[PDB]
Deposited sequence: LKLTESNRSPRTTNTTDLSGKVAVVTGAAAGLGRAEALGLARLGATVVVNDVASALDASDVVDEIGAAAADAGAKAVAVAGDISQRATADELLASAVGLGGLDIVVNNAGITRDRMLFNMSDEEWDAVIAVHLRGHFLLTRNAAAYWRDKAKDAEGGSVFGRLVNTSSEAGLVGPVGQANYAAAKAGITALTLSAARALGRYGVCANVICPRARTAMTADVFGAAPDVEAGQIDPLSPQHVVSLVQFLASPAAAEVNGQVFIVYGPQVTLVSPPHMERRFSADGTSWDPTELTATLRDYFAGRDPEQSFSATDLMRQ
């Protein structure tokens, strides 16, 4: 799964999971464009840490708020300047947790902006770059890998995280569309829903106690695959990954269909049917 000669963009890569992902791609030979907000990069040695330095191992930092069009444009330009854009790992995020009934517009908008708009801007920019490259190839295949970061919160809607859950669910649907649009060009686009012990999850998961059962490395192993030639037949998939396991999420299932016997439901009859079903139901 060697990534020599490839260029990867990883967002939110100053610390935590994004930093671990940037290091894992660098270790496979990728040239990594490391993105984060500038204050995160003030306090990070990640670029020095990416002197790991078997392989071309080149790394460059590009500071910017991923929710801004200009950041996505600069990342693309940096990657083109390094020889072409091959791999995108959308990982940047923030939380503004609040009970829904106390959540301000700003708490909502900020989380939507960094997760959902940020994923969009770079996914769209990459989408346009990869399609144009395929047309420039006179219909030839392009190598492209898109790895977007959702969360089990987007499947579940946890209390106090309506904004985080909404962004992560949107990210999943965004990536499925991208997979349908781009798979025909040779691009693979997939979604991960990780759990990893980082400084930002330490309050929920605890601190690290072989290998940490919630090591970021458990996630990196999957991201390395999804970024590689070897994932050519994996597109539009959603994975849950933490510890020594990866789980493929299936398409939506149906619990129960409630059909009228004729051309329309009688409304009081529909009411009776649903009310009875949910009276005896957990």
**Report entry** Unmodelled intervals of the deposited chain, in order
**Finding:** 1-15, 68-69, 227-231, 305-317
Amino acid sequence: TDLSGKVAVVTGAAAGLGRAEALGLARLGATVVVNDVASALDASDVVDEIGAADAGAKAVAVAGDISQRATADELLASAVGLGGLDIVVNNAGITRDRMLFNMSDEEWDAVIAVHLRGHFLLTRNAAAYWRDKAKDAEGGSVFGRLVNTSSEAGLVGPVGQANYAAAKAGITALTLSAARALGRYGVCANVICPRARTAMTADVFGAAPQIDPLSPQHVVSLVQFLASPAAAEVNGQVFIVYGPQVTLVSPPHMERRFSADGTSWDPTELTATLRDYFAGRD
From here on, numbers count along this sequence of modelled residues.
Report summary line: Higher avg CA temperature factor (42-50 vs 216-224, as deposited) belongs to 42-50
**Report entry** Average Cα temperature factor in the PDB entry - higher stretch of 244-252, 54-62
**Finding:** 54-62
Query - Out of 182, 169, 89, 202, residue topping the C-alpha B-factor column of the entry - result: 202
Query - 154, 118, 209, 194, ranked by C-alpha B-factor: the highest one - result: 209
Query raised in the report: Within this chain, which third does the Cα B-factor at residue 272 fall in: lowest, middle or highest?
Result: highest
Report summary line: Chain-relative C-alpha B factor for residue 135 (record values, thirds): the highest
**Report entry** Third of chain Cα B-factors occupied by residue 26
**Finding:** middle
Report summary line: In terms of its chain's C-alpha B-factors, the third that includes residue 37 is the highest
Report task. Comparing against every modelled residue in the chain, figure out the third that the C-alpha B-factor of residue 144 lands in (lowest, middle or highest). Result -> lowest
